[PDB]
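One letter stands for each residue in the lines below.
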Amino acid sequence: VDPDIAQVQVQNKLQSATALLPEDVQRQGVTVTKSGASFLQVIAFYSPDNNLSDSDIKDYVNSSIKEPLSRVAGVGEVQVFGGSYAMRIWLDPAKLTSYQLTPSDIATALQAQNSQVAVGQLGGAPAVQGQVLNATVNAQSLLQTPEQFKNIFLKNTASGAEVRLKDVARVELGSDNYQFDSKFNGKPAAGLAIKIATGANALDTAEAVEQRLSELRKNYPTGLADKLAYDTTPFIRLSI
Amino acid sequence: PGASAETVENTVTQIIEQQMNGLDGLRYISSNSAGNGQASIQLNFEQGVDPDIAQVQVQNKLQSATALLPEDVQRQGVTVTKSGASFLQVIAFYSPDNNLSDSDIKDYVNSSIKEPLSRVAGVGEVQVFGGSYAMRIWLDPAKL
Amino acid sequence: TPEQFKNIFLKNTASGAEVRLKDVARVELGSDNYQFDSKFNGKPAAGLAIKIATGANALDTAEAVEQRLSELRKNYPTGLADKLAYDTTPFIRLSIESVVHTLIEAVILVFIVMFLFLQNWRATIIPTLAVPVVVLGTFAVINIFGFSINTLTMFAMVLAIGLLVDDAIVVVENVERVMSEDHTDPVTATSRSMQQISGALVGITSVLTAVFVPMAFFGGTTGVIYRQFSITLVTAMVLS
Amino acid sequence: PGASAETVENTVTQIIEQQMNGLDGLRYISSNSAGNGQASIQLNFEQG
Amino acid sequence: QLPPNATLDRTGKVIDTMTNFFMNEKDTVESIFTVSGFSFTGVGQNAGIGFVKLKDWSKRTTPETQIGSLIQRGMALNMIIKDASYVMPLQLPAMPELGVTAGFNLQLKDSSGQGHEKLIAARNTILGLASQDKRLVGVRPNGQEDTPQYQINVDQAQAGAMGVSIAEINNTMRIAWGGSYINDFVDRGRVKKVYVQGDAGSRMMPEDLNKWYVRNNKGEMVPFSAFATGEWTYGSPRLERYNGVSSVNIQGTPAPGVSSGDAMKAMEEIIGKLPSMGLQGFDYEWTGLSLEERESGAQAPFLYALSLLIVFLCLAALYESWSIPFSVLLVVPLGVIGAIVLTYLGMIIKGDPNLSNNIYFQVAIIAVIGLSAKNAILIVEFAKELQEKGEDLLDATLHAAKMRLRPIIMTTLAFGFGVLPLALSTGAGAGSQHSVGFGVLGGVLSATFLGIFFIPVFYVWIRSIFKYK
Amino acid sequence: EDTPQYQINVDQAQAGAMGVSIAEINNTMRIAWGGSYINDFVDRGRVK
Amino acid sequence: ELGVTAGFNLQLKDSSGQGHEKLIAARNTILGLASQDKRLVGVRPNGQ
Ligand SMILES: CCN(CC)[C@@H]1C(O)=C(C(N)=O)C(=O)[C@@]2(O)C(O)=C3C(=O)c4c(O)cc([C@@H]5CCCN5)c(C(F)(F)F)c4C[C@H]3C[C@@H]12
């Protein structure tokens with residue numbers, strides 16, 4: 001049975017169950033993948049001097065190394081075990097009771113505040129006679145920093161005082177998942193796996209990855225090293 | 001929507017673009033990110049590649065990529081089309097004696113002459129250069 | 001109707017006055033899209049641009065488009081007319097027809113060369129009769145393998161006329177000489193002539209088929225062009 | 001569910017058939033909208 | 001193309017000056033269809049396109065009524081219409097499937113990562129250098145150009161205090177300044193759309209924002225002015241990427257007497273000056289038809305070599321020798337000389353950029369090799385037979401040449417008369433026909449006047465070195 | 001293998017006297033103990 | 001695969017948007033003349 005045809009049939013059937021899925025599940029997104037090539041090699045990105053945390057490196061591989069490695073010839077797929085940062089708000093139950101607030105209120109204040117405004121264009125299509133200029137109106141309204149998140153408005157006290165997010169919660173940039181601890185050699189670590197592409201020489205793809213990696217090490221954050229935790233190329237070279 | 005050419009690029013463009021790097025038979029990729037919020041990615045395959053099967057492949061790569069898209073982008077939908085290079089024909093509809101108006105002409109080509117031709121054998125794409133009647137409500141800010 | 005949208009009820013004010021849609025807005029039947037202004041000969045017009053599907057004959061698609069339009073015109077409103085502003089199909093036909101004119105011209109010119117050398121109607125006719133069989137047969141073989149009639153296939157047929165008459169010419173040139181030397185009958189000479197002529201016949205065919213065979217193997221767009229010439233040429237030479 | 005045939009034609013069937021263009025091999029499209037709330041659009045393709 | 005931030009109305013004024021010109025070129029022009037707001041490169045109020053249908057090829061025989069004559073006169077539009085950035089008339093590609101317009105397409109890649117500004121600086125050096133090369137016509141950036149934008153900044157803090165949601169402001173401002181499709185009505189049995197948007201006077205200028213109000217949680221009306229402010233900014237309307245790297249597309253056309261390859265080589269030389277001038281770290285790639293041009297020229301040396309080899313090996317198997325296949329191979333240059341010579345002279349005399357090394361020329365050379373080989377086999381096969389029958393080599397070679405001459409000339413001349421029609425074609429498709437014809441015809445002529453003499457001589461030489469039996 | 005787990009048991013009637021609504025109780029806990037993903041934000045050009 | 005039952009199938013199609021009651025009116029006129037014509041036998045409306 002042709003693999004591609006099987007995957008597309010499944011995704012198409014999947015389109016008929018999504019409305020019936022819980023909003024939250026839908027929000028994360030549901031993925032369909034297929035069986036295929038084995039991993040040629042896994043590279044472990046680790047901090048020898050304990051300078052960087054796991055969250056930090058998984059984020060670095062994700063924002064930096066994943067895409068340059070994908071364009072390397074022969075690489076069908078690049079997978080990273082890991083994820084980036086998330087903004088985290090941890091709430092004191094007591095501090096909330098003090099100001100008559102409930103977790104839901106904090107949620108409502110966080111949906112409104114963190115939004116992207118969309119406006120339109122100055123000229124406009126059915127424009128007035130004698131319009132000379134058309135431009136684009138854009139509004140920057142999203143929040144990017146932790147401090148912006150802590151100043152978010154919640155309520156005004158009877159005294160007229162201001163209760164913001166900082167008052168009832170601790171706001172930090174933190175990990176997306178706390179479920180897994182990954183290390184290489186007792187040191188914080190993250191892992192990236194390479195899958196060879198169809199109709200390819202692994203021996204040659206492997207050499208190409210090595211050379212791309214060579215260029216990216218120069219721009220590494222302080223304290224990062226890269227080494228191989230898995231390699232299958234020695235087997236194949238030896239067998240030939 | 002509401003995003004700059006630079007956010008459309010890092011958020012949507014490059015993320016979609018990296019998923020499609022390992023596709024079989026891909027000659028080259030060209031991409032565009034625009035200030036209106038629109039992103040476009042064109043993929044060119046090598047002679048020999050069946051177009052029907054290549055379409056099923058891109059779509060299979062995109063199901064995982066859509067997750068990593070921002071939520072407002074997923075909400076607006078992501079479109080995958082087999083694409084052509086040049087128009088074979090451009091047909092003009094017009095009034096000689098001006099006994100018919102353009103809004104009327106444009107409506108008749110969108111309601112009566114477009115779908116049948118788009119469904120003519122071998123046709124593929126059909127673009128319209130006029131519009132269709134719509135109910136337009138134009139608000140006064142003051143009176144509101 | 002737009003009146004029903006003007007009577008939409010919105011609110012009541014404190015006085016108790018009803019606020020309907022007309023009060024806050026103007027309602028009109030307008031347009032879905034206000035983006036483009038299209039004109040034909042400087043006058044208002046609408047247009048339909050058609051981009052053909054992959055894997056299809058432009059000529060055939062064009063006829064179908066027009067045939068559907070023939071049925072559509074009967075139900076047209078009184079003012080409507082339609083013309084083709086941009087059509088590429090006419091050149092394509094004129095290009096196809098030009099080459100067929102060239103083919104006919106070449107056959108006539110080759111006949112004359114042969115007549116100038118052969119000098120007998122009887123001698124000249126035999127090589128000439130080969131041309132209908134070789135060309136008709138090649139067209140047949142090529143359609144078994146899915147090659148259409150196009151400029152490239154047709155250029156190859158024109159290139160082949162001087163080439164496919166060679167075996168025939170090398171046969172009758174000799175029978176004719178044999179006879180003027182030995183004064184033998186048409187059948188005796190032909191059998192003798194055929195013994196001396198055969199080594200040459202196989203050799204000429206072999207060279208002429210082998211030069212054109214490596215082209216078909218080359219891939220890419222250039223390969224698609226090369227294989228039109230090589231299937232036609234190779235088929236023609238074996239047939240000859 | 002609960003819909004009139006007219007409501008299924010306006011709200012459901014027409015919206016869908018409008019997106020049904022650009023299909024390789026399409027001989028014809030036939031559709032039905034009914035009082036039991038159901039719409040069926042059948043698409044017939046040419047041989048091969 | 002018009003200047004940045006242009007209105008649809010300003011674009012329609014230019015398309016009218018353009019349409020008047022074509023509608024007045026009566027001898028060569030039948031019709032025009034125009035769309036303002038649409039372009040292949042992008043949709044914007046500034047963009048525009050026109051489809052011009054010329055008169056029947058029959059009615060256009062004079063030089064003035066030719067296609068390039070039209071294009072050159074229409075290139076005066078750039079100078080006439082001051083407002084527009086560019087007004088460029090462009091021919092279709094030979095195979096329109098492979099492109100929109102003929103010419104060259106290139107991508108300048110920022111391989112180093114220097115910038116977007118740096119990249120545009122490079123484009124503009126390349127643009128002015130290309131203006132000053134006489135082998136080039138109409139070099140232009142393809143794509144949108146940097147435009148002034150209007151940036152609105154909303155103070156989140158004051159928004160929180162007045163009590164207006166940033167999410168709500170978006171709702172009020174998305175429906176007001178842009179449109180919103182809400183629901184559907186039926187017109188004549190067909191569902192249409194209902195749109196809500198503000199009136200044109202309200203959405204025209206930055207000051208018009210002040211006319212709109214947003215309701216707070218207390219239910220009051222708060223001016224847009226209270227929570228936001230606007231500044232005019234400058235930026236890129238659209239960013240382009242080629243193969244994972246940021247790029248710019250540059251498209252142009254060869255000048256009237258120059259070939260496509262020559263224009264391509266001129267551009268690459270210009271890019272070479274980029275480092276010396278001071279912008280370094282820039283790379284380029286070819287795309288579209290130009291990519292393909294590059295690739296086809298490349299495959300030709302391998303094609304010629306492989307074809308020569310198959311002939312050589314087949315001859316050995318057929319004739320059980322190694323020496324004789326070499327004698328037939330040696331005569332091959334004689335035919336190929338005429339082919340290149342007619343093409344080059346022809347181009348010079350005829351003034352034709354089309355008569356050059358192209359795919360059609362390559363098919364012709366293959367044909368010439370087969371012709372030369374065929375001519376050589378006829379003399380040589382017969383010679384070996386006589387030698388095998390006891391004749392001494394010189395006598396046998398000489399006898400063969402006389403016996404096989406009339407046959408050889410007659411066949412060679414018929415291949416020549418066959419391609420004379422291709423060579424002298426005046427109709428649609430003539431350029432392709434000529435490319436094949438001249439190459440084949442030249443080879444015929446050289447083979448007949450030089451190759452025939454050389455076939456006996458090389459055979460004698462090889463056979464003397466390696467004696468039969 | 002099966003493992004020990006913990007069940008909260010909410011009395012609607014005690015809550016009713018208090019005034020509290022069931023879905024309010026349910027919502028509190030989902031966010032408090034469970035956690036919630038509200039919306040995306042941009043940091044360094046990547047949406048998180 | 002074929003439910004036609006060896007009967008000519010005619011799809012009276014309202015292409016001018018006259019309406020359903022007008023489409024039915026047209027059908028009624030067509031079915032009258034058909035019954036009258038000797039060549040045509042058993043021409044029946046298919047739906048409801
Ligand atoms: C994002 C959270 N999490 C991140 C921790 C991952 C995630 O949860 C997903 C999912 N649900 O999709 C998974 O894939 C995962 O669960 C999984 O399957 C793993 C493995 O099995 C695995 C392996 O087989 C071999 C190696 C290599 C081979 C050579 C040396 N060791 C490694 C490696 F060490 F590199 F990390 C792993 C890691 C996890 C990742 C999980």
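Going by the header, the method for this PDB entry is cryo-EM, and the resolution given is 2.91 Å.

Per the PDB entry, chain E goes by the name Efflux pump membrane transporter and belongs to Acinetobacter baumannii.

Identification of chain C as Efflux pump membrane transporter from Acinetobacter baumannii is taken from the PDB entry.

1. As for the overall build of chain C
Looking only at helices and strands, chain C features ten helices and six strands. For chain C, the C-alpha radius of gyration of 34 Å lies well beyond 18 Å, the compact-globule estimate for 240 residues. With the C-alpha coordinates of chain C rotated into their principal frame, the extents come out at 130 × 40 × 25 Å. Considering chain C as a whole, with its 240 residues, one finds that 48% of them fall into the buried category. Considering only residue pairs separated by 6 or more positions, chain C has 52% of its internal contacts joining residues 24 or more positions apart. Computed over 17 positive and 21 negative side-chain charges, the separation of the two mean positions in chain C equals 16 Å.

2. Observations regarding the overall build of chain E
Looking only at helices and strands, chain E features 14 helices and 15 strands. Compactness check: chain E gives a C-alpha radius of gyration of 34 Å against a globular reference of 23 Å for 469 residues, more than 25% above the reference. Here the C-alpha coordinates of chain E stretch approximately 120 × 55 × 50 Å along the principal axes. Sequence-distant contacts, at least 24 apart, represent 68% of the contacts inside chain E between residues at least 6 apart.

3. Side note on the interface of chain E and chain B
Counting from both sides, the interface comprises 37 residues of chain E and, opposite them, 34 residues of chain B. For the chain E and chain B pair, buried surface summed over both sides reaches about 3,200 Å², with 54% attributable to carbon and sulfur atoms. For the chain E face of the interface with chain B, the top three residues by lost area are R190, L239 and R241 of chain E, together amounting to 23%. Across the contact surface, chain E and chain B share five salt bridges. A salt bridge links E17 of chain B to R241 of chain E; the nearest nitrogen and oxygen atoms lie 2.8 Å apart. Counting across the chain E and chain B interface gives 19 residue pairs in polar contact. Put simply, the parts of the chain that give the side of chain E that touches chain B at least two residues each are β1 (29–36), β9 (194–198), β13 (238–242) and α9 (289–319) of chain E.

4. Considering the packing of helix α4 (residues 89–118) of chain C against helix α6 (residues 151–164) of chain C
All names here are of chain C. Where α4 meets α6, the axes come as close as 9 Å, and the angle between the chain directions of the two elements is 5°. Accordingly, the angle class assigned to the pair α4 and α6 is roughly parallel. Residues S95, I96, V99, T102, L103, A106, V107 and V110 of α4 lie in contact with α6, whose contacting residues are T151, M154, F155, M157, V158 and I161. When grouped by side-chain class, the residues that make up the contact of α4 with α6 number eleven nonpolar, three polar and no charged.

5. With respect to the interface of chain C and chain B
With 56 residues of chain C in contact, the opposing surface of chain B contributes 50 residues. Summed over both sides, the interface between chain C and chain B buries roughly 5,300 Å², with carbon and sulfur atoms accounting for 64% of that surface. Of all residues in chain C, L48, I50 and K51 of chain C bury the most surface against chain B, accounting for 17% of the area lost on that side. Counting across the chain C and chain B interface gives zero salt bridges. The interface formed by chain C and chain B includes 26 residue pairs in polar contact. Breaking the side of chain C that touches chain B down by element, the ones donating at least two residues are α1 (2–6), α2 (21–24), β3 (25–31), β4 (37–40), β5 (43–51), α3 (58–73), β6 (81–87) and α10 (220–239) of chain C. Looking at side-chain class alone, the side of chain C that touches chain B contains 33 nonpolar, 13 polar and ten charged residues.

6. What to know about the packing of helix α8 (residues 260–277) of chain E against α9 of chain E
Residue and element names in this part refer to chain E. One can describe the packing of α8 onto α9 by two numbers: an axis separation of 11 Å at closest approach and a directional angle of 100°. Of the possible angle classes, the one that applies to α8 and α9 is roughly perpendicular. Counted together, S260, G261, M264 and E268 of α8 and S290, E293 and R294 of α9 form the full contact between these two elements. Of the residues in the contact of α8 with α9, the class split is one nonpolar, three polar and three charged.

7. A short note on the domain arrangement of chain E
The domain architecture assigned to chain E consists of domain 1 (1–91) and domain 2 (147–238). Its C-alpha centre places domain 1 of chain E at a distance of 38 Å from the equivalent point of domain 2 of chain E.

8. Side note on the site of the ligand
Residue and element names in this part refer to chain A. Lining the immediate surroundings of the ligand are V42, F81, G82, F180, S182, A229 and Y230. Look at the ligand: alone it shows 750 Å² of surface, and the protein chains cover 42% of it. A per-class count over the shell around the ligand returns five nonpolar, two polar and no charged.

9. Topic: the arrangement of the chains
Here the protein chains form eleven pairs of chains in contact, of which the pair with the most contacts is chains B and C. With no contact formed, the shortest span from any C-alpha in chain C to any C-alpha in chain F equals 32 Å. One thing to see here is that chain A and chain G don't touch, and their nearest C-alpha atoms sit 24 Å from each other.

10. Here we look at unusual backbone geometry
At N98 of chain B, a position not held by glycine, the phi torsion is positive, near 60°. Structurally, the position occupied by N98 of chain B is in the loop between β3 (89–94) and α4 (102–111). For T5 of chain G, which is not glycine, the phi torsion reads 60° and is therefore positive. One can find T5 of chain G in the segment before α1 (20–36). Judged by its relative accessible area of 64%, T5 of chain G is exposed.

11. Observations concerning helix α1 (residues 5–19) of chain B
Residue and element names in this part refer to chain B. Under the 1.5 Å per step criterion, the end-to-end length of α1 is 20 Å for 15 residues, consistent within 8% with the ideal 21 Å. Of all the bends in α1, the greatest measures close to 35° and is centred on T13. Counting buried positions over the 15 residues of α1 gives twelve, a clear majority of the element.

12. Points about the sheet that holds strand β6 (residues 180–183) of chain E
Pairing is mixed across the open sheet formed by four strands, whose spatial order is β3(C)-β5(B)-β9(E)-β6(E). Only two strands of the sheet have a single neighbouring strand rather than two, namely β3 of chain C together with β6 of chain E. Within this sheet the neighbouring strands show an average axis-to-axis angle of 30°, counted without direction. As judged from the seven bridges shared by strand β5 (residues 133–139) of chain B and β3 of chain C, these two strands associate in the antiparallel manner. Looking at the pairing, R136 of chain B lines up with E28 of chain C of β3 of chain C. The strands that helix α6 (residues 166–177) of chain E touches are β6 and β9 of chain E; relative to β9 of chain E, the one it contacts most, it runs at about 100°.

Reading guide: rules and limits
- Residues numbered from 1 in each chain as written, not as in the entry; some residues may be left out.
- Chains lettered and ligands numbered in written order.
- Part of a larger assembly, values for the part shown.
- Heavy atoms only, no water.
- Helix = DSSP H or I, 4+ residues; strand = E, 2+ residues; numbered from the N terminus.
- Rg over C-alpha atoms; globule rule 2.2 N^0.38 Å.
- Buried < 20%, exposed > 50% of the residue type's maximum accessible area, 1.4 Å probe, protein only.
- Contact = heavy atoms within 4.5 Å.
- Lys, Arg positive; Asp, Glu negative; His and termini not counted.
- Charge placed at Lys NZ, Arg CZ, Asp CG, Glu CD.
- Buried area = accessible area lost by both parts, 1.4 Å probe.
- Salt bridge = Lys/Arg side-chain N within 4 Å of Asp/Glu carboxyl O.
- Polar contact = N/O pair within 3.5 Å; in protein donor to acceptor, adjacent residues only side chain to side chain.
- Axes fitted to C-alpha atoms, helices over the stretch in contact; angles between N-to-C directions.
- Parallel < 35°, antiparallel > 145°, perpendicular 65-115°, else oblique.
- Nonpolar A, V, L, I, M, F, W, Y, C, P; charged D, E, K, R; others polar.
- Domains from an automatic or database assignment.
- Near = heavy atom within 4 Å.
- Areas by Shrake-Rupley, 256 points an atom, 1.4 Å probe, with all protein chains shown as cover.
- Expected span 1.5 Å × (residues − 1).
- Bend = angle between axes of the 7 residues up to and from the residue.
- Pairing = 2+ DSSP bridges.

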